[PDB]
Amino acid sequence: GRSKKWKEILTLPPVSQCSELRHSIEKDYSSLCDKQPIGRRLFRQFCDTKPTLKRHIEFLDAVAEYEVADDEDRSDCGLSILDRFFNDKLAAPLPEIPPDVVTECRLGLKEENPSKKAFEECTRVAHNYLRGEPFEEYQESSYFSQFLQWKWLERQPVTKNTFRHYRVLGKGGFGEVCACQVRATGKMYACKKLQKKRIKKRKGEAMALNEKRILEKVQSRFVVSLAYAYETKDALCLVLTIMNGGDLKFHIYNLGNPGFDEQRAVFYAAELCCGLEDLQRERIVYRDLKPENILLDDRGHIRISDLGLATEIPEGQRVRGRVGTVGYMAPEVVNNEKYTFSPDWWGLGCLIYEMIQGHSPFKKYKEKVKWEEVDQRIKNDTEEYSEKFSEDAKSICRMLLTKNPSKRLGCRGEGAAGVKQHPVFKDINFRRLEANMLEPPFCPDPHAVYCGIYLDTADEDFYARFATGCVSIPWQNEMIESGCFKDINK
Amino acid sequence: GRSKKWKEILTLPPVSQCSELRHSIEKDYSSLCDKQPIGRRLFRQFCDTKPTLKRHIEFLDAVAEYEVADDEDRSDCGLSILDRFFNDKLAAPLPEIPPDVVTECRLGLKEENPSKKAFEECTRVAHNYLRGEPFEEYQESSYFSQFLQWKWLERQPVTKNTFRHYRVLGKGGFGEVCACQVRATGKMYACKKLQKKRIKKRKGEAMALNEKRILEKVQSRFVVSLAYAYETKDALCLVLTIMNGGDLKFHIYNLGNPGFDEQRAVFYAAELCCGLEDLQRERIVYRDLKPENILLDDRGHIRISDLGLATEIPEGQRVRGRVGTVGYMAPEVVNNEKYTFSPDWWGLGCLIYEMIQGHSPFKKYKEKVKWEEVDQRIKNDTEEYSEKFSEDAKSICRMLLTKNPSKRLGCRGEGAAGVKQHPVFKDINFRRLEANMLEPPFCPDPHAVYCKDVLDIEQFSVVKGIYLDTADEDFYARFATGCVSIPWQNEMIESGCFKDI
Ligand SMILES: Nc1ncnc2c1ncn2[C@@H]1O[C@H](COP(=O)(O)OP(N)(=O)O)[C@@H](O)[C@H]1O
Ligand SMILES: Nc1ncnc2c1ncn2[C@@H]1O[C@H](COP(=O)(O)OP(N)(=O)O)[C@@H](O)[C@H]1O
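Residues numbered from 1 in each chain as written, not as in the entry; some residues may be left out. Chains lettered and ligands numbered in written order. Heavy atoms only, no water.

This entry lists X-ray crystallography as its structure determination method and reports a resolution of 2.6000 Å.

Below is the structure:
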């Protein structure tokens, strides 16, 4: 757990030392009161002291509950929100909400199929009020000062000594990945060591900078999260989300028939859908969807890992290239065409197939085939199914494995939002899944195992471009989750 | 210089080929109705169809004129707004603005020297209104369907055939920089050709990928803008803002005393402040501030160029390294300490000094000094001034050339806002500078020479032992091609192509 001197490591500075930070920090309401976890907790603590503001937060928490409610419980939530916050026989808790908006809610909640978006305008108007005088007043409170103290701690130096380095978990191209624990909080992570000599030999400079950047831009429950970055004399280290449930390749082959029950594949595909949507919201194309790249956690939840090939596509632009893994590349990828997010939707089709069948759609397990031929199979050969796949599972795979990207499921403008509407995900509540409220079908088994160069000045010019050390939101979450925020804030 | 068949090149698709776009476009008001120039023009066109919506636009535009108003004109400008939008109880054009917001506005406008932010809460409420039902209604309009058509044109292929290639402008480190023109619009750009063989030999893959990204991320009148990106069998090409007026090194030395008047230098330093503010709000540290890296345009406005060394710093993180040019590196840099944006404020100090004096602060012109000794001067020696400097110029240099970054001007929690507040800038109205309403003291003369030439030929270099393999293709895959949205949309409007379609 926590170290003996944890309170000395995580000691808040005096408020006077936070003066530079106070004036320099951009006074953005969405960031400081919502997106930054400590900021959100402290603004809510401030609201708790003002009765009118406390009701606004309760209303937002009630709307969040409604948004994640089960279909047979949604109308009860909605009616409850109306009774508690818009009781006409009582005064107005939320006066700034226009009567026409209140009225529209009452009408949308009469309908037997109520829109999970029924309170969005009420929500938007509530935040408009909060980002005004309440936000101004919060900035002049003791709670904001406390937020600035945490913000100061957050920018404190990060070195190998911030962690305890345990057993090697795996071996990569640029080095090894080992299990590490933050000394101050006891939080466990995966420390991916990228050896400087290995980066130089394999020309992985642009790659390393890219992964780093991609991992910090993405804020997803289904994508491996970067919490820290540091440098040693030998390596550039990435401190990532620990996934000790093994990769999907291990579960399909080493523990599989090969393959596993449809219900699992469907659950994993649902999560992969959300991960892809999270990446696509950031205009990122993953490029290397394969079982070996999907990892499982202790709870049985998955995350996309290996973001080396992932690339951000600016608006009004396309990428090209035959990149990825032989057998997983989309027709446009093997044809070296100009494309955007289409390869990922194809990749999902490959994954669902491999999970159910027990081999990739255009390459058998172990199969000794030249790359040159696997590419022709991707371009021309069709994929044969079995009664391992339900009629719905055969449909999502057929739609995702369509050769022409413009006719492919998820590439016709509907995006992940559309892919989610497929009849395979009938039994799945995506709002609950996206909120970590759905239990996985399977859970990994505890105890059980699941798995000449000389540095010069041009290398120094590459290390200068590498920033250290902590990642803001993941760090603030670690502070809250570990109990350190509670035991210091009190 | 529009194409003959320009209307054929810029043909809008039917609103069926845009059905895809309509469902995949994130409905963000700030992006679709403000940041994106064509989205902004089309939502404003939709607003003209509704008198209440038309009034909100009139108000936002009136507040925008208030903000850029000269110090004497401002009070009467403010009063006219009050007179047009808040003086009638039964005929209120903006009813959703609470009377308490209007009360605070009238208070701060009653006094002499009113805040240029007097209508900032009024503006916030007007946008909250527009971001609601008017925005939802806009999404079902014919005006929004046109936006989807323009967005489809923007995603259309870009190659070497999109441009007319003109004269070579200069010799870059990775290839030729030449004057090029978009065929369909006739707009002139500078096409930086980065040779595939030169990038390989120099190991500039990370650098090229980073430069591209930074140029698309920054939206500044004071930073060279990337408008397009395309690929050739032998090069990666960046289509950039054409800067005919030459660089600052040429103006300081070649046609300078060495140096030029304080009045010019101060205008450049003010424009540089804006550029550095723009880079910092995108969390970027430029790192290579030096005269040759600041270019002039045909009107006499400057822009920070060569964003090769520029680094984006994630929040709560720091960079290190002794990088940049010898004589221009800050103490934290020479000592290889961990830092953020401090080297850029030191850099502004080095620039102001050189422009006024005629040589860098710790190295005389063309002096043969060992880099190690140059570093020692940067760390210990204090820069000497002359009578070429007014009292306020010496003040800005001494504060920007503070050895300890924690004591340096711009680095103490005040940023660019605090630097802009320095007495040297008393004669500059920053709101007008940022809005491009200030005329520069110096304007380049056409027919006059502003750079070293450069024969209008070649591209040729040392390419022996260089072979493009699989690893190179793995890098080209990462380089996206096409246009850069905001630059592209501005170009469509400026060229009149949007107006004539
Ligand atoms: N986040 C993580 N949690 C647990 N183990 C992890 C991990 N990230 C990587 N690993 C392990 O380290 C091995 C190598 O890391 P990897 O990312 O696959 O390197 P690579 N394929 O680019 O060469 C992985 O195959 C896996 O066994
Ligand atoms: N945006 C631009 N507009 C007009 N001319 C430009 C330009 N960017 C570069 N040039 C010209 O090409 C020359 C070399 O470009 P440069 O920025 O130094 O490329 P680099 N850093 O790889 O050496 C400049 O000195 C200038 O003459």
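Next comes the rest of the description.
## Some details on unusual backbone geometry
Leaving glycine aside, a negative phi is the common case for residues, and trans is the common case for peptide bonds. Residues and elements named next belong to chain B. In this chain, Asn257 is followed by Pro258 through a cis amide linkage whose omega measures 0 degrees. Residue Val454 is bonded to the preceding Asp453 through a cis peptide linkage, with omega at 0 degrees. Its location among the elements puts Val454 in the loop between α20 (430-434) and α21 (470-476). With phi around 50 degrees, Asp306 is a residue other than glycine that occupies positive phi space. Looking at where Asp306 falls in the secondary structure, it is placed in the loop between β8 (302-304) and β9 (311-312). When its relative accessible area of 36% is taken as the criterion, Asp306 is described as partly exposed. Of note in this structure, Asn436 is not a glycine but carries a positive phi near 60 degrees. Along the chain, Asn436 falls in the loop between α20 and α21. (Helix = DSSP H or I, 4+ residues; strand = E, 2+ residues; numbered from the N terminus. Buried < 20%, exposed > 50% of the residue type's maximum accessible area, 1.4 Å probe, protein only.)

## Observations regarding the domain arrangement of chain A
All names here are of chain A. Assigned domains of chain A: these are domain 1 (1-155 + 446-490), domain 2 (156-246) and domain 3 (247-445). Averaged C-alpha coordinates put domain 1 and domain 3 at centres separated by 33 Å. Around 1,000 Å² of area is buried between domain 1 and domain 3 when both sides are counted, 49% of it from carbon and sulfur atoms. On inspection of domain 1 and its partner domain 3, the count reaches one salt bridge. One salt bridge connects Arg432 with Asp70, and the closest N-O pair in it is separated by 3.7 Å. Inspection of the region where domain 1 meets domain 3 yields two residue pairs in polar contact. Across the side of domain 1 that touches domain 3, the residue classes break down as seven nonpolar, one polar and seven charged. (Domains from an automatic or database assignment. Buried area = accessible area lost by both parts, 1.4 Å probe. Salt bridge = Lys/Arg side-chain N within 4 Å of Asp/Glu carboxyl O. Polar contact = N/O pair within 3.5 Å; in protein donor to acceptor, adjacent residues only side chain to side chain. Nonpolar A, V, L, I, M, F, W, Y, C, P; charged D, E, K, R; others polar.)

## Examining the pairing of strand β2 (residues 176-182) of chain B
Residues and elements named next belong to chain B. A large share of β2 lies buried, amounting to seven of its seven residues. Residues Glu176, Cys178, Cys180 and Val182 line one face of β2 and the alternating positions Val177, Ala179 and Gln181 line the opposite face, and both faces are buried. Sheet topology note: the strand β1 (residues 163-171)/β2 ladder contains six bridges and is antiparallel. Opposite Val168, over in β2, you have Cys178 as the bridge partner. (Pairing = 2+ DSSP bridges.)

## Digging into the nonpolar core
Counting 179 residues, the largest nonpolar core has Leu348 and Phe425 of chain A together with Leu348 and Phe425 of chain B as its most contacted members. Those residues in contact with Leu348 of chain A that sit more than four places away from it in its chain are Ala269, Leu272, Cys273, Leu276, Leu289, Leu400 and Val419 of chain A. Counting 64 residues, the second-largest nonpolar core is a separate cluster that includes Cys18, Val63, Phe85 and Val158 of chain A. (Core = buried A, V, L, I, M, F, W, Y, C linked by side-chain atoms within 4.5 Å. Contact = heavy atoms within 4.5 Å.)

## Regarding the domain arrangement of chain B
Residue and element names in this part refer to chain B. For chain B, the assigned domains read domain 1 (1-155 + 446-501), domain 2 (156-246) and domain 3 (247-445). One C-alpha centre belongs to domain 2, the other to domain 3, and the line joining them spans 25 Å. For the pair domain 2 and domain 3, the summed buried area comes to about 2,200 Å², and 58% of that belongs to carbon and sulfur atoms. Among the residues domain 2 hides against domain 3, the three largest losses belong to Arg221, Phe222 and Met243. Together they make up 32% of the total.

## So, the site of ligand 1
Residues and elements named next belong to chain A. Lining the immediate surroundings of ligand 1 are 13 residues, of which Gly173, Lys192, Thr241, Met243 and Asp306 lie closest. Measuring from a nitrogen atom of ligand 1, one finds a backbone N or O atom of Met243 at 3.0 Å. In this structure, an oxygen atom belonging to ligand 1 sits 2.7 Å away from a side-chain N or O atom of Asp306. At the level of elements, β1 (163-171) and β3 (188-195) are the ones that each hand at least two residues to the shell around ligand 1. Counting residues per element, the shell around ligand 1 draws most heavily on β1, at three residues. (Near = heavy atom within 4 Å.)

## Describing the interface of chain A and chain B
Contacts between the two partners involve 54 residues from chain A, matched on the other side by 56 residues from chain B. Taking both sides of the interface into account, the surface hidden between chain A and chain B amounts to around 4,100 Å²; carbon and sulfur atoms contribute 42%. The interface formed by chain A and chain B holds eight salt bridges in total. Here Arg320 of chain A ties to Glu473 of chain B by a salt bridge, and the two come within 3.3 Å at their closest N and O atoms. Between chain A and chain B we count 22 residue pairs in polar contact in total. Of all elements in the fold, only α2 (19-24), α8 (120-130), α10 (142-154), α12 (205-217), β10 (317-318), α21 (457-464) and β11 (468-470) of chain A reach the threshold of two or more residues within the side of chain A that touches chain B. The element best represented in the side of chain A that touches chain B is α12 of chain A, accounting for seven residues. Broken down by class, the residue content of the side of chain A that touches chain B amounts to 18 nonpolar, 15 polar and 21 charged. Pairing geometry for β10 of chain A and strand β11 (residues 481-483) of chain B, over two bridges, is antiparallel. Within β11 of chain B, the position partnered with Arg318 of chain A by the bridge is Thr481 of chain B.

## Description of the UniProt feature "binding site: ATP" in chain A
Residue and element names in this part refer to chain A. Mapped onto this numbering, the UniProt entry gives "binding site: ATP" at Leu169, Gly170, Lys171, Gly172, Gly173, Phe174, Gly175, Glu176, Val177 and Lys192. These annotated residues cover 24 residues of sequence, and their C-alpha atoms all fall within 14.4 Å of one another, placing them together at a single site. Among the secondary structure elements, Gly172 is positioned in the loop between β1 and β2 (176-182). Tracing the chain through its elements places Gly173 in the loop between β1 and β2. Given a relative accessible area of 31%, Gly173 falls into the partly exposed group. (UniProt positions renumbered as here; feature names shortened; annotations may be inferred.)

## Notes on helix α17 (residues 371-379) of chain A
Where α17 of chain A is concerned, the buried positions are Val374, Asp375, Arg377 and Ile378 of chain A. Mapping the buried residues of α17 of chain A onto a view down its axis gives an arc of 160 degrees, with all of them on the same face. (Arc of directions from axis to C-beta.)

## With respect to the pairing of β2 of chain A
Residues and elements named next belong to chain A. The buried fraction of β2 is high, at five of seven residues. Both β1 and β2 contribute to a ladder of six bridges, which runs antiparallel. If you follow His165 over to β2, its bridge partner there is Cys180. The turn joining β1 and β2, which pair antiparallel and follow one another in sequence, is formed by four residues; a positive phi near 160 degrees is taken by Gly175. As judged from the five bridges shared by β2 and β3, these two strands associate in the antiparallel manner. Directly across from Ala179, in β3, lies its bridge partner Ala190.

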